[PDB]
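Dumped protein.pdb below, it's PDB, C-alpha atoms and all ligand atoms:
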```pdb
ATOM      1  CA  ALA M  12     -12.835   1.281   5.505  1.00  0.00           C
ATOM      2  CA  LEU M  13      -9.243   0.299   4.751  1.00  0.00           C
ATOM      3  CA  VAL M  14     -10.132  -2.614   2.490  1.00  0.00           C
ATOM      4  CA  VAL M  15      -9.656  -3.196  -1.296  1.00  0.00           C
ATOM      5  CA  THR M  16     -13.256  -3.586  -2.542  1.00  0.00           C
ATOM      6  CA  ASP M  17     -12.422  -3.897  -6.312  1.00  0.00           C
ATOM      7  CA  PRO M  18     -12.280  -7.600  -7.386  1.00  0.00           C
ATOM      8  CA  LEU M  19      -9.633  -7.293 -10.109  1.00  0.00           C
ATOM      9  CA  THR M  20      -7.352  -5.166  -7.824  1.00  0.00           C
ATOM     10  CA  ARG M  21      -7.991  -7.713  -4.999  1.00  0.00           C
ATOM     11  CA  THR M  22      -6.904 -10.576  -7.240  1.00  0.00           C
ATOM     12  CA  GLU M  23      -3.920  -9.117  -9.075  1.00  0.00           C
ATOM     13  CA  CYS M  24      -2.511  -7.041  -6.241  1.00  0.00           C
ATOM     14  CA  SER M  25      -2.707  -9.838  -3.640  1.00  0.00           C
ATOM     15  CA  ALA M  26      -0.445 -12.192  -5.676  1.00  0.00           C
ATOM     16  CA  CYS M  27       2.719 -11.304  -3.712  1.00  0.00           C
ATOM     17  CA  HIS M  28       1.513  -9.419  -0.589  1.00  0.00           C
ATOM     18  CA  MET M  29      -1.858  -8.109   0.718  1.00  0.00           C
ATOM     19  CA  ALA M  30      -3.898  -5.974  -1.682  1.00  0.00           C
ATOM     20  CA  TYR M  31      -3.179  -2.572  -0.159  1.00  0.00           C
ATOM     21  CA  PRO M  32      -6.186  -0.197   0.300  1.00  0.00           C
ATOM     22  CA  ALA M  33      -6.352   2.814  -2.178  1.00  0.00           C
ATOM     23  CA  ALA M  34      -6.856   5.202   0.768  1.00  0.00           C
ATOM     24  CA  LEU M  35      -3.281   4.747   1.957  1.00  0.00           C
ATOM     25  CA  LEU M  36      -1.441   6.526  -0.956  1.00  0.00           C
ATOM     26  CA  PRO M  37      -2.203   9.722  -2.901  1.00  0.00           C
ATOM     27  CA  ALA M  38      -3.333   9.379  -6.550  1.00  0.00           C
ATOM     28  CA  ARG M  39       0.083  10.372  -7.882  1.00  0.00           C
ATOM     29  CA  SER M  40       1.762   7.495  -5.942  1.00  0.00           C
ATOM     30  CA  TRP M  41      -0.675   4.897  -7.469  1.00  0.00           C
ATOM     31  CA  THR M  42      -0.089   6.300 -10.959  1.00  0.00           C
ATOM     32  CA  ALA M  43       3.672   6.098 -10.578  1.00  0.00           C
ATOM     33  CA  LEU M  44       3.405   2.418  -9.270  1.00  0.00           C
ATOM     34  CA  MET M  45       1.020   1.432 -12.063  1.00  0.00           C
ATOM     35  CA  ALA M  46       3.267   2.939 -14.688  1.00  0.00           C
ATOM     36  CA  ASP M  47       6.228   0.637 -13.826  1.00  0.00           C
ATOM     37  CA  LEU M  48       4.960  -2.776 -12.843  1.00  0.00           C
ATOM     38  CA  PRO M  49       7.730  -4.515 -14.943  1.00  0.00           C
ATOM     39  CA  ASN M  50      10.160  -2.988 -12.376  1.00  0.00           C
ATOM     40  CA  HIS M  51       8.102  -3.413  -9.215  1.00  0.00           C
ATOM     41  CA  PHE M  52      10.294  -3.713  -6.063  1.00  0.00           C
ATOM     42  CA  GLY M  53      12.473  -6.406  -7.608  1.00  0.00           C
ATOM     43  CA  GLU M  54       9.608  -8.315  -9.278  1.00  0.00           C
ATOM     44  CA  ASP M  55       7.843  -8.267 -12.632  1.00  0.00           C
ATOM     45  CA  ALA M  56       4.232  -7.410 -11.669  1.00  0.00           C
ATOM     46  CA  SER M  57       3.252  -6.411 -15.203  1.00  0.00           C
ATOM     47  CA  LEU M  58      -0.300  -6.886 -16.373  1.00  0.00           C
ATOM     48  CA  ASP M  59      -2.200  -6.798 -19.642  1.00  0.00           C
ATOM     49  CA  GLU M  60      -3.072  -3.215 -20.505  1.00  0.00           C
ATOM     50  CA  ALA M  61      -6.799  -3.630 -19.978  1.00  0.00           C
ATOM     51  CA  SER M  62      -6.401  -4.981 -16.396  1.00  0.00           C
ATOM     52  CA  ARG M  63      -3.648  -2.450 -15.650  1.00  0.00           C
ATOM     53  CA  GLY M  64      -5.886   0.468 -16.715  1.00  0.00           C
ATOM     54  CA  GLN M  65      -8.870  -0.599 -14.637  1.00  0.00           C
ATOM     55  CA  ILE M  66      -6.816  -1.190 -11.502  1.00  0.00           C
ATOM     56  CA  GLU M  67      -5.166   2.231 -11.915  1.00  0.00           C
ATOM     57  CA  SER M  68      -8.662   3.870 -12.215  1.00  0.00           C
ATOM     58  CA  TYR M  69      -9.913   2.227  -9.023  1.00  0.00           C
ATOM     59  CA  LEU M  70      -6.762   3.136  -7.009  1.00  0.00           C
ATOM     60  CA  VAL M  71      -6.733   6.784  -8.159  1.00  0.00           C
ATOM     61  CA  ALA M  72     -10.535   7.111  -7.676  1.00  0.00           C
ATOM     62  CA  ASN M  73     -10.258   5.965  -4.022  1.00  0.00           C
ATOM     63  CA  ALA M  74      -6.789   7.379  -3.204  1.00  0.00           C
ATOM     64  CA  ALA M  75      -5.856   9.207   0.067  1.00  0.00           C
ATOM     65  CA  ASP M  76      -6.545  12.583  -1.654  1.00  0.00           C
ATOM     66  CA  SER M  77      -9.662  11.454  -3.566  1.00  0.00           C
ATOM     67  CA  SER M  78     -11.995  12.859  -0.847  1.00  0.00           C
ATOM     68  CA  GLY M  79      -9.898  15.654   0.700  1.00  0.00           C
ATOM     69  CA  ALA M  80      -7.418  15.004   3.516  1.00  0.00           C
ATOM     70  CA  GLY M  81      -7.245  11.266   4.229  1.00  0.00           C
ATOM     71  CA  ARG M  82      -5.256  10.516   7.335  1.00  0.00           C
ATOM     72  CA  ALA M  83      -2.441   8.890   5.347  1.00  0.00           C
ATOM     73  CA  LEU M  84      -1.490  12.351   3.870  1.00  0.00           C
ATOM     74  CA  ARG M  85      -0.490  13.893   7.200  1.00  0.00           C
ATOM     75  CA  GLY M  86       3.126  15.189   7.195  1.00  0.00           C
ATOM     76  CA  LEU M  87       3.296  14.953   3.349  1.00  0.00           C
ATOM     77  CA  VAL M  88       4.154  17.896   1.165  1.00  0.00           C
ATOM     78  CA  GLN M  89       2.541  18.129  -2.342  1.00  0.00           C
ATOM     79  CA  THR M  90       5.929  17.468  -3.995  1.00  0.00           C
ATOM     80  CA  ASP M  91       6.317  14.097  -2.221  1.00  0.00           C
ATOM     81  CA  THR M  92       5.292  11.085  -4.352  1.00  0.00           C
ATOM     82  CA  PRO M  93       6.018   8.209  -1.887  1.00  0.00           C
ATOM     83  CA  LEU M  94       6.037   4.714  -3.508  1.00  0.00           C
ATOM     84  CA  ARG M  95       5.721   2.857  -0.192  1.00  0.00           C
ATOM     85  CA  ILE M  96       2.906   3.141   2.313  1.00  0.00           C
ATOM     86  CA  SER M  97       5.545   2.009   4.853  1.00  0.00           C
ATOM     87  CA  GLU M  98       7.601   5.207   4.174  1.00  0.00           C
ATOM     88  CA  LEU M  99       4.730   7.725   4.805  1.00  0.00           C
ATOM     89  CA  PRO M 100       5.323  10.091   7.759  1.00  0.00           C
ATOM     90  CA  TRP M 101       1.837   9.045   8.965  1.00  0.00           C
ATOM     91  CA  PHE M 102       2.758   5.314   8.870  1.00  0.00           C
ATOM     92  CA  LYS M 103       6.045   5.823  10.692  1.00  0.00           C
ATOM     93  CA  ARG M 104       4.287   7.895  13.367  1.00  0.00           C
ATOM     94  CA  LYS M 105       1.696   5.080  13.960  1.00  0.00           C
ATOM     95  CA  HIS M 106       4.450   2.349  14.102  1.00  0.00           C
ATOM     96  CA  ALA M 107       7.498   3.977  15.729  1.00  0.00           C
ATOM     97  CA  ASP M 108       7.310   3.202  19.437  1.00  0.00           C
ATOM     98  CA  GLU M 109       4.966   0.253  18.750  1.00  0.00           C
ATOM     99  CA  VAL M 110       7.188  -2.251  16.867  1.00  0.00           C
ATOM    100  CA  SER M 111      10.007  -4.017  18.672  1.00  0.00           C
ATOM    101  CA  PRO M 112      12.965  -5.590  16.833  1.00  0.00           C
ATOM    102  CA  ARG M 113      11.452  -9.046  17.731  1.00  0.00           C
ATOM    103  CA  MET M 114       7.999  -8.196  16.297  1.00  0.00           C
ATOM    104  CA  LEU M 115       9.717  -6.814  13.196  1.00  0.00           C
ATOM    105  CA  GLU M 116      11.924  -9.938  12.768  1.00  0.00           C
ATOM    106  CA  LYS M 117       8.825 -12.108  12.788  1.00  0.00           C
ATOM    107  CA  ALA M 118       6.935  -9.950  10.221  1.00  0.00           C
ATOM    108  CA  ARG M 119      10.031 -10.002   7.916  1.00  0.00           C
ATOM    109  CA  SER M 120       9.002  -6.642   6.408  1.00  0.00           C
ATOM    110  CA  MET M 121       6.727  -3.699   7.414  1.00  0.00           C
ATOM    111  CA  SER M 122       5.084  -4.469   3.992  1.00  0.00           C
ATOM    112  CA  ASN M 123       3.614  -7.639   5.549  1.00  0.00           C
ATOM    113  CA  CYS M 124       0.624  -6.055   7.396  1.00  0.00           C
ATOM    114  CA  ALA M 125      -1.265  -9.288   8.072  1.00  0.00           C
ATOM    115  CA  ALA M 126       1.718 -10.820   9.900  1.00  0.00           C
ATOM    116  CA  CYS M 127       0.956  -8.286  12.677  1.00  0.00           C
ATOM    117  CA  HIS M 128      -2.662  -7.287  12.064  1.00  0.00           C
ATOM    118  CA  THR M 129      -4.899 -10.404  11.921  1.00  0.00           C
ATOM    119  CA  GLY M 130      -7.791  -8.329  10.620  1.00  0.00           C
ATOM    120  CA  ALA M 131      -5.722  -6.528   7.918  1.00  0.00           C
ATOM    121  CA  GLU M 132      -7.558  -8.160   5.019  1.00  0.00           C
ATOM    122  CA  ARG M 133     -10.946  -7.006   6.489  1.00  0.00           C
ATOM    123  CA  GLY M 134      -9.632  -3.527   7.086  1.00  0.00           C
ATOM    124  CA  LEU M 135      -9.068  -3.844  10.839  1.00  0.00           C
ATOM    125  CA  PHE M 136      -5.689  -2.531  12.100  1.00  0.00           C
TER     126      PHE M 136
HETATM  127  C1  LIG T 201       4.931 -10.069  -7.234  1.00  0.00           C
HETATM  128  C2  LIG T 201       5.178 -10.536  -8.502  1.00  0.00           C
HETATM  129  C3  LIG T 201       4.050  -8.789  -7.011  1.00  0.00           C
HETATM  130  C4  LIG T 201       2.821  -8.428  -7.504  1.00  0.00           C
HETATM  131  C5  LIG T 201       1.875  -9.172  -8.452  1.00  0.00           C
HETATM  132  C6  LIG T 201       2.462  -7.114  -6.947  1.00  0.00           C
HETATM  133  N1  LIG T 201       3.500  -6.736  -6.141  1.00  0.00           N
HETATM  134 FE1  LIG T 201       3.507  -4.970  -4.952  1.00  0.00          FE
HETATM  135  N2  LIG T 201       5.336  -5.628  -4.139  1.00  0.00           N
HETATM  136  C7  LIG T 201       6.058  -6.789  -4.474  1.00  0.00           C
HETATM  137  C8  LIG T 201       7.277  -6.849  -3.689  1.00  0.00           C
HETATM  138  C9  LIG T 201       8.386  -7.953  -3.745  1.00  0.00           C
HETATM  139  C10 LIG T 201       7.220  -5.621  -2.773  1.00  0.00           C
HETATM  140  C11 LIG T 201       8.286  -5.267  -1.710  1.00  0.00           C
HETATM  141  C12 LIG T 201       7.746  -5.757  -0.350  1.00  0.00           C
HETATM  142  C13 LIG T 201       8.786  -5.467   0.751  1.00  0.00           C
HETATM  143  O1  LIG T 201       8.851  -6.253   1.708  1.00  0.00           O
HETATM  144  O2  LIG T 201       9.548  -4.458   0.670  1.00  0.00           O
HETATM  145  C14 LIG T 201       5.977  -4.917  -3.101  1.00  0.00           C
HETATM  146  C15 LIG T 201       5.511  -3.736  -2.496  1.00  0.00           C
HETATM  147  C16 LIG T 201       4.406  -2.960  -2.812  1.00  0.00           C
HETATM  148  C17 LIG T 201       4.045  -1.672  -2.230  1.00  0.00           C
HETATM  149  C18 LIG T 201       4.880  -0.985  -1.091  1.00  0.00           C
HETATM  150  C19 LIG T 201       4.485  -1.741   0.160  1.00  0.00           C
HETATM  151  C20 LIG T 201       5.068  -0.895   1.345  1.00  0.00           C
HETATM  152  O3  LIG T 201       6.066  -1.271   1.974  1.00  0.00           O
HETATM  153  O4  LIG T 201       4.546   0.178   1.655  1.00  0.00           O
HETATM  154  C21 LIG T 201       2.914  -1.263  -2.828  1.00  0.00           C
HETATM  155  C22 LIG T 201       2.125   0.032  -2.559  1.00  0.00           C
HETATM  156  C23 LIG T 201       2.546  -2.238  -3.829  1.00  0.00           C
HETATM  157  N3  LIG T 201       3.495  -3.223  -3.764  1.00  0.00           N
HETATM  158  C24 LIG T 201       1.435  -2.209  -4.691  1.00  0.00           C
HETATM  159  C25 LIG T 201       1.067  -3.176  -5.584  1.00  0.00           C
HETATM  160  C26 LIG T 201      -0.056  -3.133  -6.475  1.00  0.00           C
HETATM  161  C27 LIG T 201      -0.960  -1.889  -6.548  1.00  0.00           C
HETATM  162  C28 LIG T 201      -0.103  -4.275  -7.176  1.00  0.00           C
HETATM  163  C29 LIG T 201      -1.091  -4.678  -8.308  1.00  0.00           C
HETATM  164  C30 LIG T 201      -1.037  -4.028  -9.533  1.00  0.00           C
HETATM  165  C31 LIG T 201       1.004  -5.099  -6.750  1.00  0.00           C
HETATM  166  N4  LIG T 201       1.688  -4.385  -5.787  1.00  0.00           N
HETATM  167  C32 LIG T 201       1.319  -6.388  -7.223  1.00  0.00           C
HETATM  168  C33 LIG T 201       5.686  -7.704  -5.436  1.00  0.00           C
HETATM  169  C34 LIG T 201       4.488  -7.716  -6.137  1.00  0.00           C
HETATM  170  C1  LIG T 202       4.476  -5.609  12.853  1.00  0.00           C
HETATM  171  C2  LIG T 202       5.843  -5.677  12.702  1.00  0.00           C
HETATM  172  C3  LIG T 202       3.557  -4.690  12.000  1.00  0.00           C
HETATM  173  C4  LIG T 202       3.459  -4.641  10.654  1.00  0.00           C
HETATM  174  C5  LIG T 202       4.283  -5.480   9.634  1.00  0.00           C
HETATM  175  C6  LIG T 202       2.486  -3.613  10.344  1.00  0.00           C
HETATM  176  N1  LIG T 202       1.998  -3.099  11.522  1.00  0.00           N
HETATM  177 FE1  LIG T 202       0.587  -1.624  11.606  1.00  0.00          FE
HETATM  178  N2  LIG T 202       0.862  -1.684  13.670  1.00  0.00           N
HETATM  179  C7  LIG T 202       1.638  -2.534  14.406  1.00  0.00           C
HETATM  180  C8  LIG T 202       1.458  -2.227  15.792  1.00  0.00           C
HETATM  181  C9  LIG T 202       2.137  -2.976  16.942  1.00  0.00           C
HETATM  182  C10 LIG T 202       0.476  -1.078  15.809  1.00  0.00           C
HETATM  183  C11 LIG T 202      -0.058  -0.320  17.033  1.00  0.00           C
HETATM  184  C12 LIG T 202      -1.300  -0.979  17.532  1.00  0.00           C
HETATM  185  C13 LIG T 202      -1.737  -0.043  18.611  1.00  0.00           C
HETATM  186  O1  LIG T 202      -2.906  -0.196  19.008  1.00  0.00           O
HETATM  187  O2  LIG T 202      -0.921   0.830  19.069  1.00  0.00           O
HETATM  188  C14 LIG T 202       0.151  -0.788  14.438  1.00  0.00           C
HETATM  189  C15 LIG T 202      -0.709   0.214  14.004  1.00  0.00           C
HETATM  190  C16 LIG T 202      -1.277   0.415  12.751  1.00  0.00           C
HETATM  191  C17 LIG T 202      -2.335   1.352  12.424  1.00  0.00           C
HETATM  192  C18 LIG T 202      -3.037   2.286  13.454  1.00  0.00           C
HETATM  193  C19 LIG T 202      -4.239   1.583  14.063  1.00  0.00           C
HETATM  194  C20 LIG T 202      -5.057   2.618  14.861  1.00  0.00           C
HETATM  195  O3  LIG T 202      -4.823   2.701  16.097  1.00  0.00           O
HETATM  196  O4  LIG T 202      -5.920   3.373  14.289  1.00  0.00           O
HETATM  197  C21 LIG T 202      -2.628   1.244  11.125  1.00  0.00           C
HETATM  198  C22 LIG T 202      -3.676   2.056  10.291  1.00  0.00           C
HETATM  199  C23 LIG T 202      -1.716   0.271  10.562  1.00  0.00           C
HETATM  200  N3  LIG T 202      -0.921  -0.234  11.577  1.00  0.00           N
HETATM  201  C24 LIG T 202      -1.657  -0.144   9.269  1.00  0.00           C
HETATM  202  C25 LIG T 202      -0.665  -0.999   8.800  1.00  0.00           C
HETATM  203  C26 LIG T 202      -0.463  -1.381   7.404  1.00  0.00           C
HETATM  204  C27 LIG T 202      -1.287  -0.824   6.229  1.00  0.00           C
HETATM  205  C28 LIG T 202       0.628  -2.199   7.342  1.00  0.00           C
HETATM  206  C29 LIG T 202       1.243  -2.797   6.050  1.00  0.00           C
HETATM  207  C30 LIG T 202       1.634  -2.015   4.976  1.00  0.00           C
HETATM  208  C31 LIG T 202       1.085  -2.424   8.719  1.00  0.00           C
HETATM  209  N4  LIG T 202       0.284  -1.684   9.563  1.00  0.00           N
HETATM  210  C32 LIG T 202       2.118  -3.228   9.082  1.00  0.00           C
HETATM  211  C33 LIG T 202       2.428  -3.520  13.918  1.00  0.00           C
HETATM  212  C34 LIG T 202       2.605  -3.762  12.561  1.00  0.00           C
END
```
Mind converting the file's structure to structure tokens?
Amino acid sequence: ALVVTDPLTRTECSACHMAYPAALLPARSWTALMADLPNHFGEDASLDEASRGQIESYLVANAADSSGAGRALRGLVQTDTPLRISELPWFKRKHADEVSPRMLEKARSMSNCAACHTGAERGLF
């Protein structure tokens, strides 16, 4: 399932986009994100340390490499620490010949999964 099940992560990490599922980035990528929320893609996404710590635990514990080779890892080398799901080789492979300039214009960003996937919040893509 490609769904955030953790309530605090669901709340805090849906404030500005969809709460992205842990399974889509390796643990190192989640750590790096969670270590710099004051400088988060142009926004201040900083949290109180207690909330920050718990969210980091959940993301790392259910990351793409938390149960061996999740699909999202395909085409990654161990020295890659991607900070965007939308920059993964696996993501670009699934989207390349599928998204037209018009579909992309309407979504406004490949970060906006629900603009194209009605079931994105229930894990259906
Ligand atoms: C607003 C104050 C935000 C909060 C709270 C969180 N995030 Fe965020 N995030 C924000 C912006 C403006 C962007 C750029 C979107 C774009 O169109 O380029 C992002 C992006 C991400 C990503 C990358 C998405 C992708 O393209 O692959 C990830 C993985 C991500 N954000 C994670 C994340 C988490 C774990 C959060 C909770 C702690 C969280 N975000 C909150 C703005 C904001
Ligand atoms: C429109 C501009 C899109 C945005 C934004 C995102 N996705 Fe997407 N995605 C889009 C299309 C047209 C398709 C192909 C559908 C098909 O059946 O060919 C996809 C595909 C996926 C998939 C693969 C689904 C499967 O066949 O198993 C996944 C896992 C997926 N998309 C995830 C995903 C996420 C996490 C996004 C936000 C970060 C996202 N997509 C954005 C169109 C669009």
Go through M:46, M:14, M:83, M:121 one by one, measure the shortest atom-to-atom distance of each to ligand LIG 201 (chain T) using all atoms listed in the file, and give the residue with the smallest value.
->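 Checking each of M:46, M:14, M:83, M:121 against ligand LIG 201 (chain T), counting all atoms listed in the file, the winner is M:121.
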Residues of chain M at most 10 Å from ligand LIG 202 (chain T): nearest atom pair and distance in Å, only C-alpha atoms and all ligand atoms, as a Markdown table:
```
| residue | atom | partner | partner_atom | distance |
| --- | --- | --- | --- | --- |
| M:13 | CA | T:LIG202 | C22 | 8.0 |
| M:14 | CA | T:LIG202 | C27 | 9.8 |
| M:28 | CA | T:LIG202 | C30 | 9.3 |
| M:29 | CA | T:LIG202 | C29 | 8.1 |
| M:30 | CA | T:LIG202 | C30 | 9.5 |
| M:31 | CA | T:LIG202 | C27 | 6.9 |
| M:32 | CA | T:LIG202 | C27 | 7.7 |
| M:34 | CA | T:LIG202 | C27 | 9.9 |
| M:35 | CA | T:LIG202 | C27 | 7.3 |
| M:82 | CA | T:LIG202 | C22 | 9.1 |
| M:83 | CA | T:LIG202 | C22 | 8.5 |
| M:95 | CA | T:LIG202 | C30 | 8.2 |
| M:96 | CA | T:LIG202 | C30 | 5.9 |
| M:97 | CA | T:LIG202 | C30 | 5.6 |
| M:98 | CA | T:LIG202 | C30 | 9.4 |
| M:101 | CA | T:LIG202 | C22 | 9.0 |
| M:102 | CA | T:LIG202 | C23 | 7.0 |
| M:103 | CA | T:LIG202 | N3 | 9.3 |
| M:104 | CA | T:LIG202 | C15 | 9.2 |
| M:105 | CA | T:LIG202 | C15 | 5.4 |
| M:106 | CA | T:LIG202 | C14 | 5.3 |
| M:107 | CA | T:LIG202 | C10 | 8.7 |
| M:108 | CA | T:LIG202 | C9 | 8.4 |
| M:109 | CA | T:LIG202 | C9 | 4.7 |
| M:110 | CA | T:LIG202 | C9 | 5.1 |
| M:111 | CA | T:LIG202 | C2 | 7.5 |
| M:112 | CA | T:LIG202 | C2 | 8.2 |
| M:113 | CA | T:LIG202 | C2 | 8.3 |
| M:114 | CA | T:LIG202 | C2 | 4.9 |
| M:115 | CA | T:LIG202 | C2 | 4.1 |
| M:116 | CA | T:LIG202 | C2 | 7.4 |
| M:117 | CA | T:LIG202 | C2 | 7.1 |
| M:118 | CA | T:LIG202 | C2 | 5.1 |
| M:119 | CA | T:LIG202 | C5 | 7.5 |
| M:120 | CA | T:LIG202 | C5 | 5.8 |
| M:121 | CA | T:LIG202 | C5 | 3.8 |
| M:122 | CA | T:LIG202 | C30 | 4.3 |
| M:123 | CA | T:LIG202 | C5 | 4.7 |
| M:124 | CA | T:LIG202 | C29 | 3.6 |
| M:125 | CA | T:LIG202 | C5 | 6.9 |
| M:126 | CA | T:LIG202 | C5 | 5.9 |
| M:127 | CA | T:LIG202 | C1 | 4.4 |
| M:128 | CA | T:LIG202 | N1 | 6.3 |
| M:131 | CA | T:LIG202 | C26 | 7.4 |
| M:132 | CA | T:LIG202 | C27 | 9.7 |
| M:134 | CA | T:LIG202 | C22 | 8.8 |
| M:135 | CA | T:LIG202 | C19 | 7.9 |
| M:136 | CA | T:LIG202 | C19 | 4.8 |
```
Prev. selection, C-alpha atoms, output as an mmCIF file, keeping the file's coordinate frame:
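Final output, out-v3.cif:
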```cif
data_model
loop_
_atom_site.group_PDB
_atom_site.id
_atom_site.type_symbol
_atom_site.label_atom_id
_atom_site.label_comp_id
_atom_site.auth_asym_id
_atom_site.auth_seq_id
_atom_site.Cartn_x
_atom_site.Cartn_y
_atom_site.Cartn_z
ATOM 1 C CA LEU M 13 -9.243 0.299 4.751
ATOM 2 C CA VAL M 14 -10.132 -2.614 2.490
ATOM 3 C CA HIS M 28 1.513 -9.419 -0.589
ATOM 4 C CA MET M 29 -1.858 -8.109 0.718
ATOM 5 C CA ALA M 30 -3.898 -5.974 -1.682
ATOM 6 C CA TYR M 31 -3.179 -2.572 -0.159
ATOM 7 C CA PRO M 32 -6.186 -0.197 0.300
ATOM 8 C CA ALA M 34 -6.856 5.202 0.768
ATOM 9 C CA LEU M 35 -3.281 4.747 1.957
ATOM 10 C CA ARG M 82 -5.256 10.516 7.335
ATOM 11 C CA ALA M 83 -2.441 8.890 5.347
ATOM 12 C CA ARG M 95 5.721 2.857 -0.192
ATOM 13 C CA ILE M 96 2.906 3.141 2.313
ATOM 14 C CA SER M 97 5.545 2.009 4.853
ATOM 15 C CA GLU M 98 7.601 5.207 4.174
ATOM 16 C CA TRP M 101 1.837 9.045 8.965
ATOM 17 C CA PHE M 102 2.758 5.314 8.870
ATOM 18 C CA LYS M 103 6.045 5.823 10.692
ATOM 19 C CA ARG M 104 4.287 7.895 13.367
ATOM 20 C CA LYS M 105 1.696 5.080 13.960
ATOM 21 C CA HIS M 106 4.450 2.349 14.102
ATOM 22 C CA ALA M 107 7.498 3.977 15.729
ATOM 23 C CA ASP M 108 7.310 3.202 19.437
ATOM 24 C CA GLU M 109 4.966 0.253 18.750
ATOM 25 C CA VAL M 110 7.188 -2.251 16.867
ATOM 26 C CA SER M 111 10.007 -4.017 18.672
ATOM 27 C CA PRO M 112 12.965 -5.590 16.833
ATOM 28 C CA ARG M 113 11.452 -9.046 17.731
ATOM 29 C CA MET M 114 7.999 -8.196 16.297
ATOM 30 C CA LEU M 115 9.717 -6.814 13.196
ATOM 31 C CA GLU M 116 11.924 -9.938 12.768
ATOM 32 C CA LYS M 117 8.825 -12.108 12.788
ATOM 33 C CA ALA M 118 6.935 -9.950 10.221
ATOM 34 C CA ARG M 119 10.031 -10.002 7.916
ATOM 35 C CA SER M 120 9.002 -6.642 6.408
ATOM 36 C CA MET M 121 6.727 -3.699 7.414
ATOM 37 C CA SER M 122 5.084 -4.469 3.992
ATOM 38 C CA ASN M 123 3.614 -7.639 5.549
ATOM 39 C CA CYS M 124 0.624 -6.055 7.396
ATOM 40 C CA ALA M 125 -1.265 -9.288 8.072
ATOM 41 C CA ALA M 126 1.718 -10.820 9.900
ATOM 42 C CA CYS M 127 0.956 -8.286 12.677
ATOM 43 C CA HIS M 128 -2.662 -7.287 12.064
ATOM 44 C CA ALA M 131 -5.722 -6.528 7.918
ATOM 45 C CA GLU M 132 -7.558 -8.160 5.019
ATOM 46 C CA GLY M 134 -9.632 -3.527 7.086
ATOM 47 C CA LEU M 135 -9.068 -3.844 10.839
ATOM 48 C CA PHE M 136 -5.689 -2.531 12.100
#
```
Selected by the PyMOL selection byres (((chain M and resi 48-55) around 12) and not hetatm) in the shown coordinates: which residues, as a tab-separated table (two decimals) with C-alpha atoms, in the frame of the given file?
```
chain	number	residue	atom	x	y	z
M	23	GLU	CA	-3.92	-9.12	-9.07
M	24	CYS	CA	-2.51	-7.04	-6.24
M	26	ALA	CA	-0.44	-12.19	-5.68
M	27	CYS	CA	2.72	-11.30	-3.71
M	28	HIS	CA	1.51	-9.42	-0.59
M	41	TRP	CA	-0.68	4.90	-7.47
M	42	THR	CA	-0.09	6.30	-10.96
M	43	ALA	CA	3.67	6.10	-10.58
M	44	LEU	CA	3.40	2.42	-9.27
M	45	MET	CA	1.02	1.43	-12.06
M	46	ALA	CA	3.27	2.94	-14.69
M	47	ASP	CA	6.23	0.64	-13.83
M	56	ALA	CA	4.23	-7.41	-11.67
M	57	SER	CA	3.25	-6.41	-15.20
M	58	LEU	CA	-0.30	-6.89	-16.37
M	59	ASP	CA	-2.20	-6.80	-19.64
M	60	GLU	CA	-3.07	-3.22	-20.50
M	63	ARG	CA	-3.65	-2.45	-15.65
M	64	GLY	CA	-5.89	0.47	-16.72
M	66	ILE	CA	-6.82	-1.19	-11.50
M	67	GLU	CA	-5.17	2.23	-11.92
M	94	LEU	CA	6.04	4.71	-3.51
M	95	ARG	CA	5.72	2.86	-0.19
M	122	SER	CA	5.08	-4.47	3.99
```
Pick out the closest residue to residue 39 of chain M from this set: M:89, M:78, M:22, M:65. Count all atoms listed in the file.
-> M:89
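Residue nearest ligand LIG 201 (chain T), chosen from M:88, M:80, M:130, M:100 and counting all atoms listed in the file: M:100.
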Enclosing box along x, y and z for every listed atom of ligand LIG 201 (chain T), padded 5 Å each side, centre and size in Å, one decimal, as AutoDock Vina command-line options:
```
--center_x 4.2 --center_y -5.2 --center_z -3.8 --size_x 20.6 --size_y 20.7 --size_z 21.5
```
When distances are computed from only C-alpha atoms, which of M:70, M:87, M:79, M:129 shows the smallest separation from residue 38 of chain M?
->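 Checking each of M:70, M:87, M:79, M:129 against residue 38 of chain M, counting only C-alpha atoms, the winner is M:70.
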To one decimal in Å, tell me the separation between atom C32 of ligand LIG 201 (chain T) and atom CA of residue 85 of chain M.
->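 According to the coordinates, atom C32 of ligand LIG 201 (chain T) and atom CA of residue 85 of chain M are separated by 25.0 Å.
Separating atom CA of residue 12 of chain M from atom CA of residue 33 of chain M is a distance of 10.2 Å.
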Nearest to residue 90 of chain M by atom-to-atom distance, counting only C-alpha atoms, from M:40, M:25, M:16, M:62 |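 Among M:40, M:25, M:16, M:62, it is M:40 that comes nearest to residue 90 of chain M.
Between residue 74 of chain M and the residues M:15, M:99, M:36, M:133, the shortest atom-to-atom distance, using only C-alpha atoms, involves M:36.
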Distance of atom CA of residue 37 of chain M from atom CA of residue 71 of chain M, expressed in Å to one decimal place |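 Computed distance, atom CA of residue 71 of chain M to atom CA of residue 37 of chain M, equals 7.5 Å.
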